[PDB]
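This is target-v2.csv. It holds CSV, N, CA and C atoms.
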```csv
chain,number,residue,atom,x,y,z
A,1,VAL,N,10.4,-0.6,26.2
A,1,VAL,CA,10.4,0.8,25.7
A,1,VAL,C,9.1,1.1,24.8
A,2,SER,N,8.4,2.1,25.1
A,2,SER,CA,7.2,2.5,24.5
A,2,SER,C,6.1,1.4,24.7
A,3,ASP,N,6.4,0.6,25.8
A,3,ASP,CA,5.6,-0.5,26.2
A,3,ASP,C,5.7,-1.6,25.2
A,4,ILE,N,5.6,-2.9,25.6
A,4,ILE,CA,5.8,-4.0,24.8
A,4,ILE,C,4.6,-4.1,23.8
A,5,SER,N,3.4,-4.3,24.3
A,5,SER,CA,2.3,-4.5,23.5
A,5,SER,C,1.4,-3.3,23.6
A,6,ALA,N,0.7,-3.2,24.8
A,6,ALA,CA,-0.2,-2.1,25.1
A,6,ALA,C,0.3,-1.6,26.4
A,7,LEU,N,1.4,-2.2,26.9
A,7,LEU,CA,1.9,-1.9,28.2
A,7,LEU,C,3.3,-2.7,28.3
A,8,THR,N,3.9,-2.6,29.5
A,8,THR,CA,5.1,-3.2,29.7
A,8,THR,C,5.0,-4.1,31.0
A,9,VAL,N,6.1,-4.9,31.1
A,9,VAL,CA,6.3,-5.8,32.2
A,9,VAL,C,6.7,-5.0,33.5
A,10,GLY,N,6.0,-5.3,34.5
A,10,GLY,CA,6.2,-4.5,35.7
A,10,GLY,C,5.4,-3.2,35.6
A,11,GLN,N,4.5,-3.2,34.7
A,11,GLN,CA,3.7,-2.0,34.5
A,11,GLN,C,2.7,-1.9,35.6
A,12,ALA,N,2.0,-3.0,35.8
A,12,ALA,CA,1.0,-3.1,36.8
A,12,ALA,C,-0.3,-2.3,36.5
A,13,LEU,N,-1.4,-3.0,36.6
A,13,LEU,CA,-2.7,-2.5,36.1
A,13,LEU,C,-3.8,-3.4,36.8
A,14,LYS,N,-4.9,-3.5,36.1
A,14,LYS,CA,-6.1,-4.1,36.6
A,14,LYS,C,-6.5,-5.4,35.9
A,15,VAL,N,-7.0,-6.3,36.6
A,15,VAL,CA,-7.4,-7.6,36.1
A,15,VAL,C,-8.9,-7.7,36.2
A,16,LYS,N,-9.3,-7.1,37.3
A,16,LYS,CA,-10.7,-7.2,37.7
A,16,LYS,C,-11.1,-8.7,38.0
A,17,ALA,N,-11.0,-9.0,39.3
A,17,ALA,CA,-11.2,-10.3,39.8
A,17,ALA,C,-12.5,-10.5,40.5
A,18,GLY,N,-13.6,-10.8,39.7
A,18,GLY,CA,-14.9,-10.9,40.3
A,18,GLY,C,-15.7,-9.6,40.2
A,19,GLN,N,-15.8,-9.1,39.0
A,19,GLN,CA,-16.6,-7.9,38.7
A,19,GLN,C,-15.9,-6.6,39.2
A,20,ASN,N,-15.1,-6.7,40.3
A,20,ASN,CA,-14.4,-5.6,40.8
A,20,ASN,C,-12.9,-5.6,40.4
A,21,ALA,N,-12.3,-4.4,40.4
A,21,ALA,CA,-10.9,-4.4,40.1
A,21,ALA,C,-10.2,-5.0,41.3
A,22,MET,N,-8.9,-5.1,41.1
A,22,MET,CA,-8.1,-5.9,42.0
A,22,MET,C,-6.7,-5.4,42.2
A,23,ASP,N,-6.1,-5.4,41.0
A,23,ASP,CA,-4.8,-4.9,40.7
A,23,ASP,C,-3.9,-6.1,40.4
A,24,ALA,N,-3.1,-6.0,39.4
A,24,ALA,CA,-2.2,-7.0,39.0
A,24,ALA,C,-1.0,-6.5,38.3
A,25,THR,N,0.1,-7.2,38.5
A,25,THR,CA,1.4,-6.7,38.1
A,25,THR,C,2.0,-7.5,36.9
A,26,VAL,N,2.4,-6.8,35.9
A,26,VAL,CA,2.8,-7.4,34.6
A,26,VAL,C,4.0,-8.3,34.8
A,27,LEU,N,3.9,-9.6,34.5
A,27,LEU,CA,5.1,-10.5,34.5
A,27,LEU,C,5.5,-10.8,33.1
A,28,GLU,N,4.5,-10.9,32.2
A,28,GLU,CA,4.7,-11.1,30.8
A,28,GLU,C,3.6,-10.5,30.1
A,29,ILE,N,3.7,-10.2,28.9
A,29,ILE,CA,2.7,-9.6,28.1
A,29,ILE,C,2.3,-10.4,26.9
A,30,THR,N,1.1,-10.1,26.5
A,30,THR,CA,0.5,-10.9,25.4
A,30,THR,C,0.4,-10.1,24.1
A,31,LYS,N,-0.4,-10.5,23.2
A,31,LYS,CA,-0.6,-9.8,21.9
A,31,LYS,C,-0.9,-8.3,22.2
A,32,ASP,N,-1.7,-8.1,23.2
A,32,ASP,CA,-2.1,-6.8,23.5
A,32,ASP,C,-2.6,-6.7,25.0
A,33,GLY,N,-2.9,-7.9,25.5
A,33,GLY,CA,-3.2,-8.0,26.9
A,33,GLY,C,-1.9,-8.3,27.6
A,34,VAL,N,-2.0,-9.0,28.7
A,34,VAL,CA,-0.9,-9.3,29.5
A,34,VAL,C,-1.0,-10.6,30.2
A,35,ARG,N,0.0,-11.0,30.9
A,35,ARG,CA,-0.1,-12.0,31.9
A,35,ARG,C,0.5,-11.4,33.2
A,36,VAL,N,-0.4,-10.8,33.9
A,36,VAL,CA,0.0,-10.1,35.1
A,36,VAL,C,0.0,-11.0,36.3
A,37,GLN,N,0.4,-10.4,37.5
A,37,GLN,CA,0.4,-11.1,38.7
A,37,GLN,C,-0.8,-10.5,39.5
A,38,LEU,N,-1.8,-11.3,39.7
A,38,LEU,CA,-3.0,-10.8,40.4
A,38,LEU,C,-2.8,-10.5,41.9
A,39,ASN,N,-3.3,-9.4,42.3
A,39,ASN,CA,-3.3,-9.0,43.7
A,39,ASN,C,-4.1,-9.9,44.5
A,40,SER,N,-5.0,-10.7,43.9
A,40,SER,CA,-5.7,-11.8,44.5
A,40,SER,C,-4.7,-12.9,44.8
A,41,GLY,N,-3.6,-12.9,44.0
A,41,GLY,CA,-2.6,-13.9,44.2
A,41,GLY,C,-2.5,-14.9,43.0
A,42,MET,N,-3.0,-14.4,41.8
A,42,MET,CA,-2.9,-15.3,40.7
A,42,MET,C,-1.9,-14.6,39.7
A,43,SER,N,-2.0,-15.1,38.4
A,43,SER,CA,-1.2,-14.5,37.4
A,43,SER,C,-1.9,-14.9,36.0
A,44,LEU,N,-2.2,-13.9,35.2
A,44,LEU,CA,-3.0,-14.1,34.0
A,44,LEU,C,-3.3,-12.8,33.2
A,45,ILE,N,-3.7,-11.8,33.9
A,45,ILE,CA,-4.5,-10.7,33.4
A,45,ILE,C,-5.6,-11.1,32.4
A,46,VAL,N,-5.4,-11.0,31.1
A,46,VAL,CA,-6.4,-11.1,30.1
A,46,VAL,C,-6.0,-10.4,28.8
A,47,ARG,N,-6.9,-10.0,28.0
A,47,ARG,CA,-6.6,-9.4,26.7
A,47,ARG,C,-6.8,-7.9,26.8
A,48,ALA,N,-6.2,-7.1,25.9
A,48,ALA,CA,-6.1,-5.7,26.0
A,48,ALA,C,-7.4,-5.0,26.2
A,49,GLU,N,-8.4,-5.6,25.9
A,49,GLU,CA,-9.7,-5.0,25.9
A,49,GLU,C,-10.4,-5.2,27.2
A,50,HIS,N,-9.6,-5.6,28.2
A,50,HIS,CA,-10.0,-5.9,29.5
A,50,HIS,C,-9.1,-5.2,30.5
A,51,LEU,N,-7.9,-4.9,30.1
A,51,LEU,CA,-7.0,-4.2,31.0
A,51,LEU,C,-7.3,-2.7,31.1
A,52,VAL,N,-7.2,-2.1,32.2
A,52,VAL,CA,-7.3,-0.7,32.3
A,52,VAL,C,-6.1,-0.1,33.0
A,53,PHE,N,-5.0,-0.2,32.3
A,53,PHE,CA,-3.7,0.5,32.7
A,53,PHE,C,-3.9,2.0,32.8
```

Written as structure tokens, that's how I'd like the structure from this file.
Amino acid sequence: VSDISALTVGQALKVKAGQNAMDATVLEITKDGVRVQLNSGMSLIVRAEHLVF
């Protein structure tokens, strides 16, 4: 509710995998970033200053 940190789980946003965006789906969230599921097929996202939800 009101997003966990900067977003919520299952929010889904960008990770940017190799200079280009990719898309990744939130599995868990961090201090302000997340640990998403990469559309590349990974899971990680990054910190809030790197996500573009």

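Residues of protein, DNA and RNA with at least one atom no farther than 6 Å from (-4.1, -2.1, 32.0) are, using all atoms listed in the file, residues 12, 13, 14, 51, 52 and 53 of chain A.
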
Problem set entry | Nearest-residue call for residue A:36, choices A:24, A:17, A:6, A:1, using only C-alpha atoms |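 Nearest candidate to residue A:36 out of A:24, A:17, A:6, A:1: A:24.
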
For this session: Kindly give the distance, in Å, that separates atom C of residue A:3 and atom C of residue A:21, rounded to a single decimal.
Result: 22.9 Å

For this session: Kindly provide, as a VMD selection string, the polymer residues lying within 5 Å of (0.6, -8.1, 35.5), counting only N, CA and C atoms and using the coordinates exactly as they appear in the file.
Result: chain A and resid 24 to 27 35 to 37

DSSP says strand (DSSP E) for which residues of chain A? Put them as a PDB file with N, CA and C atoms, keeping the file's coordinate frame?
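Okay, this is what ended up in out.pdb:
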```pdb
ATOM      1  N   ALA A  24      -3.100  -6.000  39.400  1.00  0.00           N
ATOM      2  CA  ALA A  24      -2.200  -7.000  39.000  1.00  0.00           C
ATOM      3  C   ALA A  24      -1.000  -6.500  38.300  1.00  0.00           C
ATOM      4  N   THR A  25       0.100  -7.200  38.500  1.00  0.00           N
ATOM      5  CA  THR A  25       1.400  -6.700  38.100  1.00  0.00           C
ATOM      6  C   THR A  25       2.000  -7.500  36.900  1.00  0.00           C
ATOM      7  N   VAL A  26       2.400  -6.800  35.900  1.00  0.00           N
ATOM      8  CA  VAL A  26       2.800  -7.400  34.600  1.00  0.00           C
ATOM      9  C   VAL A  26       4.000  -8.300  34.800  1.00  0.00           C
ATOM     10  N   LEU A  27       3.900  -9.600  34.500  1.00  0.00           N
ATOM     11  CA  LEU A  27       5.100 -10.500  34.500  1.00  0.00           C
ATOM     12  C   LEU A  27       5.500 -10.800  33.100  1.00  0.00           C
ATOM     13  N   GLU A  28       4.500 -10.900  32.200  1.00  0.00           N
ATOM     14  CA  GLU A  28       4.700 -11.100  30.800  1.00  0.00           C
ATOM     15  C   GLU A  28       3.600 -10.500  30.100  1.00  0.00           C
ATOM     16  N   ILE A  29       3.700 -10.200  28.900  1.00  0.00           N
ATOM     17  CA  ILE A  29       2.700  -9.600  28.100  1.00  0.00           C
ATOM     18  C   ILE A  29       2.300 -10.400  26.900  1.00  0.00           C
ATOM     19  N   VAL A  34      -2.000  -9.000  28.700  1.00  0.00           N
ATOM     20  CA  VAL A  34      -0.900  -9.300  29.500  1.00  0.00           C
ATOM     21  C   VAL A  34      -1.000 -10.600  30.200  1.00  0.00           C
ATOM     22  N   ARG A  35       0.000 -11.000  30.900  1.00  0.00           N
ATOM     23  CA  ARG A  35      -0.100 -12.000  31.900  1.00  0.00           C
ATOM     24  C   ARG A  35       0.500 -11.400  33.200  1.00  0.00           C
ATOM     25  N   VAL A  36      -0.400 -10.800  33.900  1.00  0.00           N
ATOM     26  CA  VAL A  36       0.000 -10.100  35.100  1.00  0.00           C
ATOM     27  C   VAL A  36       0.000 -11.000  36.300  1.00  0.00           C
ATOM     28  N   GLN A  37       0.400 -10.400  37.500  1.00  0.00           N
ATOM     29  CA  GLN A  37       0.400 -11.100  38.700  1.00  0.00           C
ATOM     30  C   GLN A  37      -0.800 -10.500  39.500  1.00  0.00           C
ATOM     31  N   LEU A  38      -1.800 -11.300  39.700  1.00  0.00           N
ATOM     32  CA  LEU A  38      -3.000 -10.800  40.400  1.00  0.00           C
ATOM     33  C   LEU A  38      -2.800 -10.500  41.900  1.00  0.00           C
TER      34      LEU A  38
END
```

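Between atom N of residue A:40 and atom C of residue A:4 there is a distance of 23.2 Å.
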
Exercise. Any idea what's packed within 7 Å of residue A:47, counting all atoms listed in the file, ignoring anything in its chain fewer than 6 positions away? Could you give it as a ChimeraX atom specification?
Worked result: /A:32-34

Exercise. What is the atom CA of residue A:5 to atom C of residue A:38 distance in Å?
Worked result: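 Going from atom CA of residue A:5 over to atom C of residue A:38, I get 20.0 Å.
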